[PDB]
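The chain below stands alone, shown as structure tokens; this is the form deposited in one PDB entry.
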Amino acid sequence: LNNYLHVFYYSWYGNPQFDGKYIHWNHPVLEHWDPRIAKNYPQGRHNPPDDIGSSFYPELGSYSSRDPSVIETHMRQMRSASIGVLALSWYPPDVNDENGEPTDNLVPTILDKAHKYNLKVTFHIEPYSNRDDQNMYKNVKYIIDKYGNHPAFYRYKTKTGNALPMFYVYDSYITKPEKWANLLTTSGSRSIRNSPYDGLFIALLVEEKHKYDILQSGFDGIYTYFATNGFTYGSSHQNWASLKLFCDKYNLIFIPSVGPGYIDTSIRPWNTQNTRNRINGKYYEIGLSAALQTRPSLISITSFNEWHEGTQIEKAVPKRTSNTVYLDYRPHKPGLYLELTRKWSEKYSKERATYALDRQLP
């Protein structure tokens, strides 16, 4: 099991049996800002179980995130892929993404099941409304207080010093560097540094210029998230070497994000430019290789189960309806992306052990 391979995990799916209605599977088709364009594309809410807001279809159907055997199945697959950590998409209590319901109440279950399969759970802080340094203090405190003592709570284990909680902060650039420094620098007015709520905060880098803002803010690392090679400066493989050089200089953890493909045209029909065909694993393996070549401290996978953007490595099956041929992993099996990850996890795990200075060869 690889403690340095993280995967982004979503717990926002619901169905009639466990949630009293469908959630997320019935995603609306998103409206292009220009109405002259939007009118040429589909409109309205997908209708599960046969019509869902994904280009692929899961082996578990249009499942519920709070169905305990779904959570267990997911824990199995991750373990079997040799992924040690799930980075759980997180919104504060009684808050949600605009197309979903609250999910913080499910965290205790997920931690218990992760523990059962000896996996760890870190937190992917979403851009909730009015997120700032002040309510980020409160939420870091909350997370560490409520879940910090749980045996599946993730901490990055340094060789010396106390192991630190990790927080991936999606859309960190929305908040100005001077606000972040209140929280993340040593002498900031609401500094968590050297406090019981310290951790490793990882910022999303989109554009190259965001590098400097990230330094000024006091973040401990960067990650790139997007599965589409070429969508952002950060998500382009060719820039990964430089980002790594930058992070090395400034003592930041570089965490590249690798995906198996991308397709979101079931909810963003206009966004065909960011589609990337999986070509039977080749796209994903080009990604993993590019990540490996930078000799990173951690690698992140986008994603376990973001079905809307088609970046999932979770088991998918062929499916056809009277108007839809879903994409699938044929001619390979539903577990293809799990098997490819297991391969590359083991390779990373072996190569990574030779990075450290104490391990360096004569």
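In this text, residue numbers run from 1 along the sequence as written. Residues that one form lacks are left out of the comparison. In this text, the rigid core denotes the largest set of C-alpha atoms whose superposition between the two forms falls within 1.5 Å.
Just so you know, the form deposited in another entry exists too; it's not on screen, but the next bit is about it.
With the rigid core aligned between this form and the one not shown, the listed residues 319, 32, 295, 332 include just one Cα displaced by at least 2 Å, namely that of 32. Once the rigid core is used as the reference frame, the Cα position of residue 161 differs between this form and the one not shown by 2 Å or more. Every Cα shifting by 2 Å or more, across three or more consecutive residues, marks a moved region; comparing between this form and the one not shown on the rigid core, these regions are 31-39, 158-162.
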